[PDB]
Amino acid sequence: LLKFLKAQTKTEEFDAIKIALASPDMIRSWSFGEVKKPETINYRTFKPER
Amino acid sequence: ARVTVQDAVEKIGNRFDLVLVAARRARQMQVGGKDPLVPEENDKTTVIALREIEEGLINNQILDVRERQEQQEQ
Amino acid sequence: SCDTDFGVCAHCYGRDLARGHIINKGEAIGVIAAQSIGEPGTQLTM
Amino acid sequence: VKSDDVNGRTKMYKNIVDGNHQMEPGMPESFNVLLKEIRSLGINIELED
Amino acid sequence: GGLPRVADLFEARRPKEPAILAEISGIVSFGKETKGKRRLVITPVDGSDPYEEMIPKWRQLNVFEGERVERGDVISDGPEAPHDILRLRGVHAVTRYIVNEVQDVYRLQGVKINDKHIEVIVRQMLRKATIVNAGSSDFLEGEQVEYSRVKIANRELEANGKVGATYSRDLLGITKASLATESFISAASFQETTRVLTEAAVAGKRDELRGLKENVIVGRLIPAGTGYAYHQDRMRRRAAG
Amino acid sequence: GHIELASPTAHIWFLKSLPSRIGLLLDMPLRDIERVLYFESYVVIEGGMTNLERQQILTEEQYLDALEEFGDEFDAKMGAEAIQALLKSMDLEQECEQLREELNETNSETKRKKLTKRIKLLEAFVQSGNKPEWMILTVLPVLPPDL
Amino acid sequence: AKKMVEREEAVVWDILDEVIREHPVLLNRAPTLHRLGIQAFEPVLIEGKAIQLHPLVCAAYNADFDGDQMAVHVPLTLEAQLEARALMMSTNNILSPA
RNA sequence: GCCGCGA
DNA sequence: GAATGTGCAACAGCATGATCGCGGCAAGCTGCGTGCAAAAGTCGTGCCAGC
Ligand SMILES: [Mg+2]
Ligand SMILES: [Zn+2]
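Protein chains in written order, with the entry's author numbering: chain A, 4 to 53; chain B, 2 to 75; chain C, 887 to 932; chain D, 1293 to 1341; chain E, 1136 to 1376; chain F, 103 to 249; chain G, 397 to 494.
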């Protein structure tokens, strides 16, 4: 489970940029999670929020 | 050294394809596995390729047939 | 009146003003024309 | 290869130090940033194959 | 005068006082039920389909008699808009008018500019033809002249030659003909980006990166100069699958 | 990432523009839609049995009057949820066919431009695979932190 | 190599002269109006801090020596070097494309 | 971001 | 002879207004609280192993 490259393979062949409206399902597909707290960084630990 | 490239322009006339041909020849003579066909005057490979084009012993057709010959040799 | 699609013929466009020869394929003539027209104007007396 | 190619810059530097003068271009990060901004709106933009 | 007029000429802005023109046969008719609305309703029979025009009477009429007024003749004096020249006189006339008029500004101030450069930009103003016929999936819309010419040629090549639809060529300003390009990546990097993105989003269109600005934004080789050779080889690969 | 709004909101991109997509897609003026979008007026939907129209712009007082008189069969919502419901309830194909029938049956230079613009937008919507209900969003994406 | 470049020994200057020999470099002035406002040149090393520009091209640059400044870009690619030598060189563009 | 400055 | 729509003009809102450099400042600092289980960490205390 070694010798893997992702930065190099991130350059994928492409053409014809396409633009359309974003469905809620597609937006959730983009999303890796849900944000619920307005705070960003706590000063008690100098670490990002949960 | 070549101050002007008009002779290279008139050897094969596009002013655009000669850039590609000279870049290919410079790559061949720079990355290795090739030697200049014109006496080397301590100048860089770019002008050596341009002078080879100007003197008429480097063009697209003979470069392609050279690629074929070295491909068939191996 | 070039009649060609997506570009201009090398004959309908005359010789390029930079060199005595006729213009060759692949020359971006639109940018050259726009720069030629817009280079003055800074000296036009409005 | 001069401004926004994160790996292109390093590849170009390595080639020049080697002495290759090879381009090996890539995808500028500015356009990826622009795509992320546009997707952050209600607009979906993507690259076709 | 001056040179806020090179911009005005290229913007194709109609002047304050247009000079109306006539049709093939401008027979004298004076007025016809002019009444309150305008005055001097000219009704040239021209054999068939008379061309009714309305004049607000604030402008005098030059040609009193019939005199067999031909198409494009000046019925009333005044500065003529370039739009009317294209409709009535032809494509060549609008190029001759724009080129001569814009060269007046440059020649007065001692500036030498070749006529080809002005004609090249005029060509970019002479796209987006409007169809006045039907049959070939086109009807009263603004469509690229290149697409219309290509579709007509294919239709004319086949047996069904009557499917070809006649078109009317339009003249747009440089600020307007730029935003009317069929590719959304360009024309959104120049002017109002909010408007272009909404129309591009609802239409679900594609850019295809055919021009110079798109490839510059993406970072590929532009399809011009040295990059023209690379782009041509790629096209054959896509065509050949 | 994303955030769920727990209540549909209207995209400022489409509602506020001189050629407003939803405005000319609903055959209603920008003043009325911008008015319902801030709860100051109600829009009723359906109500075929009652005398209320499909796109009525009845205000609050008219809402209480209808509730006293019509009671049931009157479905009106104040927020963008009503806009979403009446966007979903629309049948694009039959509306486009009716618009084309009206355009070819009656010729008038005043209504011709509006009919052509509406049919063009409807054709683009049906052919592009988009859905009008996606115009107003219930889930909001957020930018990556490093940007 | 990095340390000896920082120390700037004489052989470093000799190698810099060797590298500079026939590598074109393209100079441009700030308000690039037409395509002649950016031109390729063969560099010659001078013991100073100001760029020495050939007078005959100044009319093309709209540049006068009363405080003007110009920027230098290195075409660090074989294709870029050929393009600078064959398309950008001052000896190449003598007639203006207007 | 303001303020001043060079072509 | 009164009635019904099409053209039309004033009007309010949107979008834009050259490029590349240099030097200095002044900020911009952001939002609880709560009482308890539940957990985790800590401190005073005693332990064996090395010199
Ligand atoms: Mg000066
Ligand atoms: Zn032609």
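C-beta atoms are modelled at their ideal positions from N, C-alpha and C, and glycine is treated no differently.
Subject >> Nearest-angstrom Cα separation, counted from residue 115 of chain F out to residue 1329 of chain E >> reply: Taking the fifth sequence and counting its residues from 1, one reaches residue 1329 of chain E at position 194. Taking the sixth sequence and counting its residues from 1, one reaches residue 115 of chain F at position 13. Distance between the alpha carbons of residue 1329 of chain E and residue 115 of chain F: 7 Å.
Original post:
Under a CB-based cut-off of 9 Å, is residue 1314 of chain E close to chain F?
Top reply: Numbered from 1 along the fifth sequence, position 179 holds the residue referred to as residue 1314 of chain E. Not closer than 9 Å to any Cβ of chain F, the Cβ of residue 1314 of chain E fails to qualify, so no.
Subject >> residue 1350 of chain E to residue 162 of chain F span [Cα, whole Å] >> reply: As a working mapping, residue 1350 of chain E is identified with position 215 in the fifth sequence. As a working mapping, residue 162 of chain F is identified with position 60 in the sixth sequence. Taking the straight line from one Cα to the other gives about 55 Å.
Subject >> CB contact below 9 Å: residue 10 of chain B versus chain E >> reply: In the second sequence, counting from the first residue as 1, residue 10 of chain B sits at position 9. Residue 10 of chain B does not count as touching chain E.
**OP:** Report the option in E/1143, E/1313, E/1211, E/1241 whose CA atom is closest to the CA atom of residue 927 of chain C.
**Re:** The count along the third sequence starts at 1 and reaches residue 927 of chain C at position 41. Out of E/1143, E/1313, E/1211, E/1241, E/1241 has the C-alpha closest to the C-alpha of residue 927 of chain C.
Original post:
For residue 493 of chain G, does the count of other Cβ atoms within 10 angstroms reach 16, so buried, or fall short, so exposed?
Top reply: Along the seventh sequence, one-based indexing puts residue 493 of chain G at 97. Flag for residue 493 of chain G reads buried.
**OP:** Within the segment 155-182 of chain F, note down every full beta strand (DSSP E) run reaching 3 residues or more, in order along the chain.
**Re:** 177-179
**OP:** Kindly provide the chain-ordered list of residues whose Cβ lies closer than 5 Å to any non-hydrogen atom of ligand 2.
**Re:** C/888, C/890, C/895, C/898
Subject >> Beta-bridge partners of residue 24 of chain A, as assigned by DSSP >> reply: The sequence position of residue 24 of chain A within the first sequence is 21, counting from 1. Its beta-bridge partners are D/1335.
Original post:
Going along the chain, which residues of its own chain have a beta-carbon closer than 7 Å to the beta-carbon of residue 1269 of chain E, five neighbours each way excluded?
Top reply: Counting from one through the fifth sequence, the residue named residue 1269 of chain E turns up at place 134. Closer than 7 Å at Cβ, skipping near neighbours: 1300.
**OP:** Anything in chain D within Cβ reach of residue 412 of chain G, meaning under 9 Å, just list it in chain order.
**Re:** What you label residue 412 of chain G is simply residue 16 of the seventh sequence in a count that begins at 1. Near residue 412 of chain G there are no residues of chain D at all, since even the closest Cβ is about 15 Å away, more than 9 Å.
Original post:
residue 43 of chain A CB to nearest chain D CB: under 9 Å?
Top reply: As a working note, residue 43 of chain A is residue 40 in the first sequence. No, no contact with chain D.
Original post:
At a cut of 8 Å, does the segment 11-28 of chain B reach the segment 34-53 of chain A through at least three beta carbon pairs?
Top reply: no
Original post:
With 16 other CB atoms within 10 Å as the buried threshold, where does residue 185 of chain F fall?
Top reply: Within the sixth sequence, residue 185 of chain F is the residue found at index 83, counting from 1. With 16 or more Cβ atoms within 10 Å of its Cβ, residue 185 of chain F is classed as buried.
Subject >> Interface residues of the segment 11-28 of chain B facing chain E [CB-CB below 7 Å] >> reply: 17, 18, 20, 21
**OP:** Output, in chain order, the set of chain C residues within a Cβ distance shorter than 7 Å of residue 431 of chain G.
**Re:** Within the seventh sequence, the letter at position 35 stands for residue 431 of chain G. The answer, in chain order, is 918, 921.
Original post:
So what's residue 448 of chain G in DSSP terms, helix, strand or just coil?
Top reply: Numbered from its first residue, the seventh sequence carries residue 448 of chain G at position 52. Residue 448 of chain G: coil per DSSP, three-state reduction.
Original post:
Along the chain, where does the beta strand (DSSP E) that runs through residue 1265 of chain E open and close?
Top reply: Looking up residue 1265 of chain E in the fifth sequence gives position 130. Element bounds for residue 1265 of chain E: 1264-1266.
Subject >> Integer Cβ distance of residue 487 of chain G from residue 5 of chain B, believed to fall under 8 Å >> reply: On the seventh sequence, residue 487 of chain G is found 91 positions in, with the first residue counted as 1. On the second sequence, residue 5 of chain B is found 4 positions in, with the first residue counted as 1. That pair is a contact at about 5 Å.
**OP:** Report the option in E/1295, E/1362, E/1223, E/1159 whose CA atom is closest to the CA atom of residue 1178 of chain E.
**Re:** If you number the fifth sequence from 1, residue 1178 of chain E lands on position 43. Looking at the Cα atoms, E/1159 is the closest of the given residues.
Original post:
Among residues of its own chain, excluding the 5 on either side of residue 1335 of chain E, which ones have a beta-carbon nearer than 6 Å to its beta-carbon?
Top reply: Position 200 of the fifth sequence holds residue 1335 of chain E. Only 1319 meet the Cβ criterion.
**OP:** Specify the secondary structure class of residue 1217 of chain E as computed by DSSP and reduced to three states.
**Re:** Along the fifth sequence, one-based indexing puts residue 1217 of chain E at 82. Of the three classes helix, strand and coil, the one that applies to residue 1217 of chain E here is helix, per DSSP.
Original post:
Got a sec: does ligand 1 put a non-hydrogen atom nearer than 8 Å to the Cβ of residue 459 of chain G?
Top reply: Residue 459 of chain G sits at position 63 when you count from the first residue of the seventh sequence. Answer for residue 459 of chain G: yes, Cβ within range of ligand 1.
Original post:
Is the beta carbon of residue 463 of chain G within less than 8 Å of some heavy atom of ligand 1?
Top reply: Indexing the seventh sequence from 1 puts residue 463 of chain G at position 67. Result yes, Cβ under 8 Å from ligand 1.
Original post:
Buried or exposed: residue 23 of chain B, going by 16 or more other Cβ atoms within 10 Å of its Cβ?
Top reply: Here residue 23 of chain B refers to the residue found at position 22 of the second sequence. Result: buried.
Original post:
Should the segment 1223-1242 of chain E be regarded as contacting the segment 1250-1258 of chain E, the criterion being three or more beta carbon pairs within less than 8 Å?
Top reply: yes
Original post:
Comparing alpha-carbon positions, which option in G/485, G/437, G/422 lies nearest residue 467 of chain G?
Top reply: Within the seventh sequence, numbered from 1, the residue matching residue 467 of chain G stands at position 71. Checked all of G/485, G/437, G/422; the closest Cα to residue 467 of chain G is G/422.
**OP:** Give the interface partners of residue 21 of chain A over in chain D, defined as CB-CB distance under 8 Å, in chain order.
**Re:** Residue mapping note: residue 21 of chain A aligns to position 18 of the first sequence, counting from 1. What residue 21 of chain A touches in chain D: 1337, 1338, 1339, 1340.
**OP:** State buried or exposed for residue 29 of chain B, treating a residue as buried only when at least 16 other CB atoms are found within 10 Å of its CB.
**Re:** If you number the second sequence from 1, residue 29 of chain B lands on position 28. Buried, by the Cβ-count rule.
**OP:** Examine chain D for any beta-carbon lying closer than 9 Å to the beta-carbon of residue 180 of chain F, and answer yes or no.
**Re:** Your numbering for residue 180 of chain F matches position 78 in the sixth sequence. It does not: the Cβ of residue 180 of chain F has no partner Cβ on chain D nearer than 9 Å.
Original post:
With 9 Å set as the bound, which would you pick, yes or no: does the beta-carbon of residue 477 of chain G sit closer than that to a beta-carbon of chain B?
Top reply: Residue 477 of chain G sits at position 81 when you count from the first residue of the seventh sequence. By this cut-off, residue 477 of chain G is an interface position.
**OP:** Determine the DSSP secondary structure at residue 1162 of chain E, reduced to helix, strand or coil.
**Re:** The residue labelled residue 1162 of chain E in the question sits at position 27 within the fifth sequence. In this structure, residue 1162 of chain E counts as coil in the three-state DSSP scheme.
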